[PDB]
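A.B. asks: everything below, folded, please.
(one chain, ligands or ions: 2)
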Amino acid sequence: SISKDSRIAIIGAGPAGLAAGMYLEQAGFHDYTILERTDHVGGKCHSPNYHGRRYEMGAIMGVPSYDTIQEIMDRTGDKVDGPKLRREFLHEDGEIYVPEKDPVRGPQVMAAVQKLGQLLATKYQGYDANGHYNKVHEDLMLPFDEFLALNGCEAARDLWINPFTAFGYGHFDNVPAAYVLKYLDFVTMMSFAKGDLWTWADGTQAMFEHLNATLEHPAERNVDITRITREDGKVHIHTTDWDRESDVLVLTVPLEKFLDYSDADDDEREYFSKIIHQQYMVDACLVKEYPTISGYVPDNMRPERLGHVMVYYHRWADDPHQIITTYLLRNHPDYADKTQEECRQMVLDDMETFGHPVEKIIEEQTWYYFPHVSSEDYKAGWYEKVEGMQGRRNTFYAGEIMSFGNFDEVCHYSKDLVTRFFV
Ligand SMILES: Cc1cc2nc3c(=O)[nH]c(=O)nc-3n(C[C@H](O)[C@H](O)[C@H](O)COP(=O)(O)OP(=O)(O)OC[C@H]3O[C@@H](n4cnc5c(N)ncnc54)[C@H](O)[C@@H]3O)c2cc1C
Ligand code: NA
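C.D. replies: Numbering: from 1, shown residues only. Ligands and ions are numbered 1, 2, ... in the order given. The structure is reproduced below:
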């Protein structure tokens, strides 16, 4: 479909762009370049150093069905070798509870989970295909909570919420089921429930730094792209230090932000303007009365508790002076955005309520997170349109918006992008 001698410009050296280069290269496309704006690779897989070890400012974990990430690891020599994950559940007052042994609610949840599994196995068979170019059932276009209510499966939300809302992906009242069930597909949900999770001692970033190194063309970094245009069957890229012509453009960067430095056409502008994102804030903390385990707080995952700590990550069990990361959301469609200052204050108060008071915040990051569209826009055929635009003026669209904000999903999509359009 596309000629091996094409000059291919990939924008972004996150998992998505690095994967694009890997699978292009392995398909015989040797003239790609990856353009990265920062000084580093891995994107939201970001594993900085502290006291001889690496902590996670972004992604922490995978599941055994992360087949594409296994291929990446087959290529780099990396191994799943991080510390074990364990967790407790806390109420918003900090008291420990065991929802798995709630004799009334527990059965209700697992019964709903059983029923949903059967629906997914029959009625919604195909729901978990990567990307959204296979048009899902209309039901999956509804907010997850409405999708569950339609099917009499409300109580299932209790299991699904913890690795979703706490993981920054937003709230079940508004986020379409399509996203939730592609990420937390039945088998993936089961792996999470069971604690069968991948972590890396050197961070999730490490395998991406290593992938980049294995590439024929490691990413070019500190590349400040000021403008892109696509006249006359060609791509023209202008950066502070140069400007070059390519034959093919691959975007793994945010598509609404792309509008501000490109000759974006009417469709691009109209549709990329609909993209909404999460403001997901992570605080790298030194604390007293070091936790003995990670904690989730479902009470603080309610929209009424927006900006509160939903979860904190106990990474290094042996060293009580190592980093504990905290996680909170600053936005919700039906609420005013929470300010950084006020959310930072909640980090301190909540961690104190939890009995693990903060001595120091050494790093803090609000991420551009989980780009997506509303149920209304999804229903109106957003992905039909954008997937119909694939290749228009030699521009291909990828990254988080085109699949899901998880590093296996975006890598998987980049791989299939090669199969779908290039080979
Ligand atoms: C706190 C947190 C927890 C997470 N937990 C998990 C998890 O448990 N499991 C999981 O699978 N995933 C997890 N993720 C999500 C995962 O990290 C991302 O979905 C993944 O990194 C997406 O890869 P990407 O390449 O599409 O986007 P990104 O990682 O965001 O990378 C995009 C790249 O493009 C670059 N870029 C942006 N603009 C430009 C520009 N204008 N010009 C050039 N380059 C540009 C960026 O600098 C970046 O390198 C987590 C993320 C965070 C923040
Ligand atoms: Na459970």
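A.B. asks: how about the strands in the stretch 51-200 of the chain?
C.D. replies: 53-54, 87-90, 96-97 (DSSP state E, counting those that start in this stretch).
A.B. asks: out of those strands, flag the one nearest residue 232.
C.D. replies: strand 53-54 (46.5 Å; CB to CB). C-beta coordinates here come from the backbone N, C-alpha and C atoms, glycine included.
A.B. asks: who does that closest one pair with, and is each partner parallel or antiparallel?
C.D. replies: strand 49-50 (antiparallel) (DSSP bridges).
A.B. asks: most packed of the strands of the stretch 51-200 of the chain?
C.D. replies: Of all the strands of the stretch 51-200 of the chain, strand 53-54 carries the top mean neighbour count, a mean of 18, counting by mean count of other CB atoms under 10 Å.
A.B. asks: name the residues that touch that one?
C.D. replies: 47, 48, 201, 202, 203, 205, 206, 316, 322 (CB atoms under 8 Å, 6 or more residues apart in numbering).
A.B. asks: next one: that strand to chain centre, how far?
C.D. replies: Relative to its parent chain, strand 53-54 has a centroid offset of 22 Å by CA atoms, centre = their mean, to the nearest Å.
A.B. asks: from ligand 1, how far off is residue 1?
C.D. replies: 23 Å (CB to the nearest ligand atom, to the nearest Å).
A.B. asks: cool, and residue 134?
C.D. replies: From residue 134 to ligand 1 the distance is 20 Å (CB to the nearest ligand atom).
A.B. asks: one more: residue 233?
C.D. replies: 23 Å.
A.B. asks: identify the residue spatially nearest to that residue, adjacent ones excluded.
C.D. replies: Leaving aside its chain neighbours, residue 233 sits nearest to residue 394 (7.1 Å; criterion: CB to CB, 6 or more residues apart in numbering).
A.B. asks: phi, psi for that neighbour please.
C.D. replies: phi 60, psi 30 (degrees, to the nearest 10).
A.B. asks: wait, it sits on residue 229?
C.D. replies: No. With contacts counted by CB atoms under 8 Å, residue 394 stays clear of residue 229, the gap being 11.8 Å.
A.B. asks: which residue packs closest to residue 17, ignoring adjacent ones?
C.D. replies: residue 252 (4.1 Å).
A.B. asks: for that neighbour, grab the count of nearby residues.
C.D. replies: Neighbour count for residue 252, taken as other CB atoms under 10 Å: 29.
A.B. asks: again with residue 384
C.D. replies: 13.
A.B. asks: summarise which helices and strands the helix or strand harbouring it is packed against.
C.D. replies: Residue 384 belongs to helix 382-388 when assigned by DSSP states H and E. Counting contacts by 3 or more CB pairs under 8 Å, 6 or more residues apart in numbering; DSSP states H and E, helix 382-388 packs against helix 266-272.
A.B. asks: interface residues of the stretch 251-400 of the chain facing ligand 1?
C.D. replies: 252, 253, 280, 282, 367, 399, 400 (CB under 6 Å from any ligand atom).
A.B. asks: residue 393 and ligand 1, how far apart?
C.D. replies: For residue 393, the distance to ligand 1 - CB to the nearest ligand atom - is 18 Å.
A.B. asks: give me the nearest residue to that residue, chain neighbours excluded.
C.D. replies: Using CB to CB, 6+ apart, the closest residue to residue 393 is residue 230 (4.2 Å).
A.B. asks: re the thing from before, the contacts of strand 53-54, buried ones only, as a ChimeraX selection?
C.D. replies: Filtering the contacts of strand 53-54 down to the buried ones (16 or more other CB atoms under 10 Å) takes a single ChimeraX command:
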select :47,48,202,203,205,206,316,322
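A.B. asks: would you list the contacts of strand 53-54 in CSV and tack on secondary structure?
C.D. replies: CSV is the format used below for those (DSSP: H, G, I helix; E, B strand; the rest coil):
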residue, secondary structure
47, coil
48, coil
201, coil
202, coil
203, coil
205, helix
206, helix
316, coil
322, coil
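A.B. asks: no more questions from me, cheers.
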